[PDB]
**Student:** 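Please find one structure pasted underneath; my questions will follow.
Heavy-atom basis, side chains included; hydrogens, waters and symmetry copies ignored. Chain letters run A, B, ... following the sequence lines, proteins first, then strands; residues in each count from 1.
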Amino acid sequence: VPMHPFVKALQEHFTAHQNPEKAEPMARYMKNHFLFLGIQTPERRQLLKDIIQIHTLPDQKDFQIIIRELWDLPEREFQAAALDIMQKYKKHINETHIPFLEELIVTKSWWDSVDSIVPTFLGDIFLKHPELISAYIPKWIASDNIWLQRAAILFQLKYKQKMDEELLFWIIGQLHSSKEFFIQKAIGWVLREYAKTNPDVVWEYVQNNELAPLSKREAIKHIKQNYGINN
DNA sequence: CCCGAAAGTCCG
DNA sequence: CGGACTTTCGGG
């Protein structure tokens, strides 16, 4: 069965505007894990907009199908476009889509896709259905997959006052010994971000609990100004 | 415009 | 390590 015509149209239109010269450093920026067409975000969004203006957005019944097909295409701009498109179907996404989102996190995985999926899409779902957190987070933490572990750390990134502190610190405690850069950095990020809401709690945490040096210094990047740096 | 963030390199 | 910088993107 052929590619969805929307996807085919997107693929034709992107490919006609490819830039091999830009593609090389863009691919190097992602450690050469992916082929790139060499289209940066402002143009990529306009090209998508063009295809929607002509073909209209596919019926929601094809939403997951479109995302999968784009996900399977080799160049990274198609996963970036897939995430743009998924945003346009946001009001159709609910708790039943968590396994679908899991699957996106663990395929073609890198910080660009996972960071675009987790604090927004998964974050919003677990905010509305916090009782579902325990059906997924422990599995993610225990998995061999560092991107699921990073998802467990970052899904609360934007929660601000809705942050479950006990949960956040429990998750960090489970992952604080990881030697993985993307885990240490995620821990640093989520603490740095939460410190913008509750600096005292983050400060007390990092001064009294083991963290990778990277995690700690990223966490207190800003709030160290408020407490000072002891001799 | 600005700032802060993911990364990234380069250097001691 | 960790700081200083390159850098694209999102969000005032």
**Student:** Check this one for me: any side-chain N or O of A/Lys158 less than 4.0 Å away from OP1 or OP2 of B/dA5?
**Tutor:** no

**Student:** Does B/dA5 have OP1 or OP2 under 4.0 Å away from a side-chain N or O of A/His222?
**Tutor:**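 For A/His222, the contact criterion (side-chain N or O under 4.0 Å from OP1 or OP2 of B/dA5) is met.
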
**Student:** Distance check needed: C/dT8 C1' versus A/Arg76 CZ, whole Å only.
**Tutor:**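 Taking atom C1' of C/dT8 as the reference, CZ of A/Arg76 is at 16 Å.
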
**Student:** For A/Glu193 and B/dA5, what is the distance between atoms CD and P respectively, to the nearest whole Å?
**Tutor:**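 Going from A/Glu193 (CD) to B/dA5 (P), I get 7 Å.
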
**Student:** Considering only side-chain heavy atoms of A/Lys185, which listed nucleotide, C/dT8, B/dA5, B/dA7, is closest?
**Tutor:**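 So the side chain of A/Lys185 is nearest to B/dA7.
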
**Student:** Can you sort out the partners of A/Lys90 under salt bridge (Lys or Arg N to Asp or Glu O under 4.0 Å), two or more places apart, ordered by chain and number?
**Tutor:**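 Expected list: A/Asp124.
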
**Student:** Enumerate all atom pairs, one protein N or O and one N or O from nucleotides 10-12 of chain C, separated by less than 3.5 Å.
**Tutor:**
residue, atom, partner, partner atom, Å
C/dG10, OP1, A/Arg45, NH1, 3.3
C/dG10, OP1, A/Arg45, NH2, 2.4
C/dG10, OP2, A/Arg45, NH1, 3.1

**Student:** Once ring pair (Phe, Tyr, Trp, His ring centres under 6.0 Å) is applied, what residue pairs with a partner in residues 44-65 of chain A remain, sequence neighbours excluded?
**Tutor:**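 Listed once each, the pairs are A/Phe63-A/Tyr89, A/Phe63-A/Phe100.
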
**Student:** A/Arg150 side chain N/O closer than 4.0 Å to the phosphate oxygens (OP1, OP2) of B/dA7?
**Tutor:** yes

**Student:** CH2 of A/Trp110 versus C1' of B/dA7: gap in Å, rounded?
**Tutor:** 10 Å

**Student:** Whole angstroms only, please: what is the CD1-P distance between A/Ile146 and B/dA7?
**Tutor:** 11 Å

**Student:** Please answer: with hydrophobic residues joined when any side-chain heavy atoms are less than 4.5 Å apart, are A/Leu57 and A/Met3 in the same cluster?
**Tutor:**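 They do share one cluster, since a chain of ILVMFWY contacts under 4.5 Å joins A/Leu57 to A/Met3.
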
**Student:** Who are the salt bridge (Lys or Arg N to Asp or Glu O under 4.0 Å) partners of A/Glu193, not counting sequence neighbours?
**Tutor:**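 Partners of A/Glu193 under the salt bridge (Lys or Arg N to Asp or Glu O under 4.0 Å) test: A/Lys196.
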
**Student:** Over all strands shown, is A/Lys196 touching base, sugar-phosphate only, or nothing at heavy-atom distances under 4.0 angstrom?
**Tutor:** sugar-phosphate

**Student:** Can you tell me which nucleotide in C/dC9, C/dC1, B/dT9 comes closest to the side chain of A/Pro42?
**Tutor:** C/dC9

**Student:** Would A/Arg76 pass as a cation-pi partner of A/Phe36, given that its NZ or CZ must be under 6.0 Å from the six-membered ring centre and within 45 degrees of the axis?
**Tutor:** no

**Student:** Could I get the full list of salt bridge (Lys or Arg N to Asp or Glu O under 4.0 Å) partners for A/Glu102, not counting sequence neighbours?
**Tutor:** A/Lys139

**Student:** Taking the side chain of A/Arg217 as its heavy atoms from C-beta onward, which of B/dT9, B/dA7, C/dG3 lies nearest to it?
**Tutor:** C/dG3

**Student:** Not counting sequence neighbours, which residues clear ring pair (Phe, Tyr, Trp, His ring centres under 6.0 Å) with A/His4? List them please.
**Tutor:**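 With neighbours one apart ignored, the set is empty.
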
**Student:** C/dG2 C1' sits how many Å from A/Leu211 CG, rounded?
**Tutor:** 17 Å

**Student:** Nearest to the side chain of A/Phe181, heavy atoms from C-beta on, is which of C/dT8, B/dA7, B/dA5?
**Tutor:**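 Nearest nucleotide to the side chain: B/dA7.
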
**Student:** Return the value, rounded to whole Å, for the distance between atom CD of A/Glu218 and atom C1' of C/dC1.
**Tutor:**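 Distance check: A/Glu218 CD to C/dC1 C1' gives 12 Å.
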
**Student:** Once you round it to whole Å, what is the distance between P of C/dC9 and CG of A/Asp112?
**Tutor:**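 Spelled out: CG on A/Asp112 to P on C/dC9 is 11 Å.
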
**Student:** Could you check how far CG of A/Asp115 sits from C1' of C/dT8, rounded to whole Å?
**Tutor:** 14 Å

